[PDB]
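Chains as they are written, first to last, in the entry's author numbering: chain B, 1 to 369; chain B', 1 to 369; chain D, 124 to 246. A prime marks a further copy of an entry chain.
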Ligand SMILES: [Ca+2]
Ligand SMILES: [Ca+2]
Ligand SMILES: [Ca+2]
Ligand SMILES: [Ca+2]
Ligand SMILES: [Ca+2]
Ligand SMILES: [Ca+2]
Ligand SMILES: [Ca+2]
Ligand SMILES: [Ca+2]
Ligand SMILES: [Ca+2]
């Protein structure tokens with residue numbers, strides 16, 4: 001392959017087969033999307049008019065009243081909290097994140113206090129919020145959520161993620177009901193979610209997505225929800241949002257990435273994966289098969305099982321040599337203890353499949369057995 | 001002209017003749033720079049290796065030990081303060097911006113407390129800093145700077161800007177001497193500055209630039225300085241810097257924009273401006289002449305003076321109709337009270353000069369006199 | 124200001140000050156608004172004397188104007204300021220002196236200071 005730009009700077013060529021991981025650059029933007037960004041970058045625009053129009057265009061995909069584009073989902077969380085605390089008041093916006101003497105408590109489940117590389121507490125604290133944790137890490141009841149609300153509460157936060165505790169937690173419906181009964185905004189963190197309308201439709205006031213993670217967009221994120229609260233988010237441009245800046249180029253890039261996602265994307269069919277699966281199985285000690293997501297639909301992956309006796313290496317040794325090689329090959333390390341590594345083709349580009357098989361055989365030949 | 005992407009979204013075509021203004025998108029990235037960004041966006045990379053290499057490449061232009069790329073200059077200020085307060089300690093990084101019980105005072109001149117669309121206080125406060133203002137708005141002595149230092153002081157901040165009070169303030173040398181005498185880091189805000197080496201060479205520990213403003217780069221900024229303090233800046237990726245994210249694409253874009261700036265750029269010569277100046281003077285009531293910067297070198301601009309009696313409109317009426325027209329034309333509004341507006345050709349692209357002259361005549365014809 | 128018992132509340136930045144910033148600084152602890160006319164002050168980007176008069180009269184608070192070097196005796200009183208301060212030596216080549224001029228109700232409160240802090244500022 002012709003060397004990528006990172007190879008030209010002295011870095012390794014990376015093959016992504018794990019997923020949208022922040023340690024590898026999150027996502028690969030489509031070339032059609034980068035064209036729209038470059039044309040936007042090479043021209044001036046009235047930013048105030050761009051903010052409204054991009055919010056209007058993004059809202060067409062989410063079904064909310066208005067939308068606001070941010071630099072990332074973490075910035076969306078900080079802005080959404082600041083919106084709930086300041087109500088858009090220009091004086092309070094300049095004070096953030098020193099919310100002294102204001103209603104600044106953000107109520108969330110303890111099971112949702114998650115670390116995605118950085119603690120979700122940091123994003124909330126940047127917006128001026130003070131975290132109030134509800135329930136235990138394994139169980140949370142509704143009366144615990146209702147008792148946590150008092151005159152200092154500024155917002156409720158619901159976090160949707162596989163990082164969160166999956167059982168024993170309250171439903172999104174419980175948060176909506178408690179929030180509207182106390183006349184408080186409900187904020188939803190759906191950073192990796194691809195469902196654009198489901199979280200807004202549930203009655204949440206502000207929902208936060210990450211444009212890079214889910215929709216393979218240039219570095220971006222957006223808040224979508226009620227126009228009154230989105231307006232309070234926009235007011236943060238004179239405050240904390242000035243440090244979380246996204247330019248006109250990536251604002252446009254997100255919009256075209258949403259349209260590129262809405263038009264549809266041709267996912268890799270199972271028929272295409274089988275030739276790659278057969279080649280890996282030919283290697284001594286490696287057995288490869290195509291597997292749909294055991295708990296998910298419309299996702300095909302190549303599961304590879306390693307026999308230490310035949311190959312001479314365990315699955316941990318294979319995965320490490322895949323990354324450590326001259327071409328950094330990142331596979332899924334979930335079931336590595338069980339002797340299995342898997343390949344997610346969604347982040348794999350054309351031809352990259354063949355290179356992974358070549359490295360697998362080279363690792364086998366270097367066993368020398 | 002073929003409609004730009006913003007025109008396709010329903011927005012006005014903008015002609016920039018004022019300068020790098022945040023209300024118009026700051027800057028126009030060079031097409032060669034956008035190519036490097038698109039290739040970077042369409043590929044994965046080990047971010048940890050990219051952070052070091054980009055810091056090394058940026059440091060070649062500034063002469064500092066190391067460098068760190070940020071989303072904007074405001075993010076660089078927040079990170080630099082957090083670096084001075086946390087010293088890179090992972091526990092303190094997670095606490096920001098709640099720097100309770102730490103040395104968190106940032107000492108700066110009151111004459112440097114400026115508003116660039118957002119108060120510089122907001123960026124400092126996001127990093128955990130508490131502002132300590134030195135001197136008055138018109139005068140600041142050295143003993144005032146030395147008396148402000150105590151065991152709670154975390155850093156000294158020097159702000160370079162035309163927004164700052166120009167006379168009566170302390171020199172950069174005074175800040176360096178006081179900072180090193182108390183063993184405290186000196187932070188310099190040089191967001192719009194094009195001098196990459198002068199501020200680092202003066203002995204400042206961390207200097208902050210804006211990649212978009214000065215070097216016509218995609219949305220970016222960087223901190224450059226001593227490796228020990230830059231290391232404390234990098235440590236903020238697990239804390240407040242997670243919300244001020246810049247992706248791999250604009251990280252590369254800044255590096256290629258610095259090389260595109262270092263190779264040199266062909267500035268518009270005075271000979272090229274004269275045809276445009278002559279056409280404007282042909283209009284009744286308008287007198288146009290080329291003028292070098294009265295206080296600056298190597299900057300040519302087209303100063304246009306309006307005669308209300310002849311034209312029928314004052315300079316304020318002309319400037320407003322330039323912006324309000326179907327093509328938004330932004331001129332310099334500094335001496336508009338004196339009956340003069342000027343045209344800065346640095347942000348004007350090829351052919352855009354001719355369109356401005358056409359609108360000027362249309363405004364004159366619509367006088368109907 | 125501190126000799127008179129005041130605690131300073133600063134509005135805006137050194138280069139820019141908006142009206143909503145001026146109005147937000149007013150609260151139940153506010154005792155007066157102060158406008159300073161001088162070449163020492165920042166010229167561009169600051170609020171006009173009219174903005175201070177309107178905000179002061181909207182909160183029933185006294186507006187104080189420092190016009191020490193000003194030779195305009197009537198212009199600052201005419202704008203509606205409650206107390207305007209001049210320096211007799213600076214502008215009118217007088218022996219060491221100064222004066223406060225303004226509304227009779229507030230000048231009376233100034234005269235009342237002769238039993239207090241004004242005993243140390245004797246003319
Ligand atoms: Ca509201
Ligand atoms: Ca749902
Ligand atoms: Ca072993
Ligand atoms: Ca080789
Ligand atoms: Ca250190
Ligand atoms: Ca210098
Ligand atoms: Ca008129
Ligand atoms: Ca027409
Ligand atoms: Ca007057």
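Where is the CB? At the ideal position from N, CA and C, for every residue including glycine.
Is there a Cβ of chain B' sitting closer than 9 Å to that of residue 136 of chain D, yes or no?
At least one chain B' Cβ lies under 9 Å of residue 136 of chain D.
Can you tell me whether residue 451 of chain B is helix, strand or coil according to DSSP?
Shown here, chain B extends from 1 to 369; a query on residue 451 of chain B therefore has no answer.
Taking DSSP's pairing of strands, which residues face residue 115 of chain B in a bridge?
Answer by DSSP bridge pairing, in chain order: B:119.
Please state the DSSP three-state secondary structure of residue 33 of chain B'.
Three-state result, residue 33 of chain B': helix.
Pick out whichever of B:245, B:254, B:112 and B:125 has its Cα sitting closest to the Cα of residue 190 of chain B.
It is B:112.
Would you kindly work out how many angstroms separate the C-alpha atoms of residue 157 of chain D and residue 187 of chain D, rounded to a whole number?
Spanning the two alpha carbons is a distance of roughly 5 Å.
Proximal residues of chain B', C-beta to C-beta of residue 237 of chain D below 7 Å
Per Cβ cutoff of 7 Å: no residues; residue 237 of chain D is ~30 Å from chain B' at best.
Could you check the C-alpha separation between residue 223 of chain B' and residue 69 of chain B' for me, to the nearest Å?
Residue 223 of chain B' and residue 69 of chain B': Cα-Cα distance of roughly 6 Å.
Can you tell me which residues form a DSSP beta bridge with residue 157 of chain B'?
Partner(s): B':108 and B':187.
If we cut at 9 Å on Cβ distances, does residue 165 of chain D have a partner in chain B'?
So, interface residue.
Using the beta-carbon of each residue, which ones in chain D are nearer than 7 Å to residue 114 of chain B'?
Among the residues of chain D, those whose CB is under 7 Å from the CB of residue 114 of chain B' are 136, 137 and 138, following chain order.
Span separating the alpha-carbon of residue 203 of chain B from that of residue 183 of chain B
Each residue's alpha carbon lies about 13 Å from the other.
Can residue 88 of chain B be considered in contact with ligand 1, in the sense that its beta carbon sits closer than 8 Å to one or more heavy atoms?
Checking every heavy atom of ligand 1 against the Cβ of residue 88 of chain B, one is found closer than 8 Å.
Considering only heavy atoms of ligand 3 and the C-beta of each residue, which residues fall inside 7 Å, strictly closer?
This criterion selects B:314 and B:317.
Should residue 293 of chain B' be flagged as near chain B, meaning a C-beta pair shorter than 9 Å?
No, no contact with chain B.
Report buried or exposed for residue 334 of chain B', applying the criterion of at least 16 other Cβ atoms within 10 angstroms of its Cβ.
Exposed is the call here.
In terms of alpha-carbon separation, which member of B':133, B':52, B':23 and B':19 lies closest to residue 153 of chain B'?
Comparing Cα-Cα distances from residue 153 of chain B' to each of B':133, B':52, B':23 and B':19, the minimum goes to B':133.
Taking only runs of the beta strand (DSSP E) that begin and end inside the stretch 200-226 of chain D, which ones reach a length of at least 3 residues, in chain order?
Listed in chain order, they are 206-210 and 221-225.
Is any heavy atom of ligand 9 found at a distance shorter than 8 Å from the C-beta of residue 174 of chain D?
Flag unset: Cβ of residue 174 of chain D not near ligand 9.
May I ask you to list, following chain order, the residues of the stretch 84-97 of chain B that have a beta carbon less than 7 Å from some beta carbon of chain D?
The stretch 84-97 of chain B vs chain D, Cβ under 7 Å: 90 and 91.
Test: residue 187 of chain B CB closer than 9 Å to a CB of chain B':
No, no contact with chain B'.
Take the Cβ of residue 173 of chain B' as the centre, count every other Cβ of all protein chains shown within 10 Å, and call the residue buried at 16 or more, exposed below.
By the 10 Å Cβ count, residue 173 of chain B' comes out exposed.
From the DSSP output, read off the bridge partner residues of residue 130 of chain B'.
B':105, per the DSSP bridge assignment.
Please classify residue 76 of chain B' as buried or exposed, where buried requires at least 16 neighbouring CB atoms within 10 angstroms.
The C-beta of residue 76 of chain B' has 16 or more other C-beta atoms within 10 Å across all chains shown, which makes the residue buried.
Enumerate in chain order the residues of its own chain whose CB-to-CB distance from residue 251 of chain B is below 6 Å, with the five nearest sequence positions on each side excluded.
Hits under 6 Å: 54 and 69.
Taking Cβ positions, are residue 315 of chain B and residue 339 of chain B nearer each other than 9 Å?
In this structure, residue 315 of chain B sits near residue 339 of chain B, with a CB-CB distance shorter than 9 Å.
Quick one: list the residues of chain B' neighbouring residue 234 of chain B, beta-carbon separation under 8 Å, in chain order.
Within chain B', no residue comes near residue 234 of chain B; the closest Cβ sits about 13 Å away, beyond 8 Å.
Comparing C-alpha positions only, which one of B':109, B':164, B':104 and B':167 sits nearest to residue 150 of chain B'?
Closest by alpha carbon: B':104.
When the distance is taken between beta carbons, is residue 41 of chain B closer than 9 Å to residue 218 of chain B'?
It is a contact, given that the beta carbons lie within the stated cut-off.
Taking the alpha-carbon positions, what's the residue 320 of chain B' to residue 305 of chain B' distance?
Going by C-alpha positions, residue 320 of chain B' is about 15 Å away from residue 305 of chain B'.
Tell me, please, whether the stretch 23-41 of chain B' touches the stretch 159-167 of chain B' by the rule of three or more beta-carbon pairs shorter than 8 Å.
No: fewer than three Cβ pairs fall under 8 Å.
Are there 16 or more other CB atoms within 10 angstroms of the CB of residue 171 of chain B', so buried, or fewer, so exposed?
Residue 171 of chain B' is exposed by the Cβ-count criterion.
Based on the DSSP secondary-structure assignment, which residues constitute the bridge partners of residue 292 of chain B?
Residue 292 of chain B pairs with B:300.
Burial state of residue 74 of chain B (16 or more Cβ within 10 Å)
The residue in question, residue 74 of chain B, is buried, as its Cβ has 16 or more Cβ neighbours within 10 Å.
If the criterion is Cβ atoms closer than 9 Å, does the pair residue 232 of chain B' and residue 267 of chain B' meet it?
Going by beta carbons, residue 232 of chain B' and residue 267 of chain B' fall outside the 9 Å limit.
Would you say the beta carbon of residue 326 of chain B is closer than 8 Å to some non-hydrogen atom of ligand 4?
Checking every heavy atom of ligand 4 against the Cβ of residue 326 of chain B, one is found closer than 8 Å.
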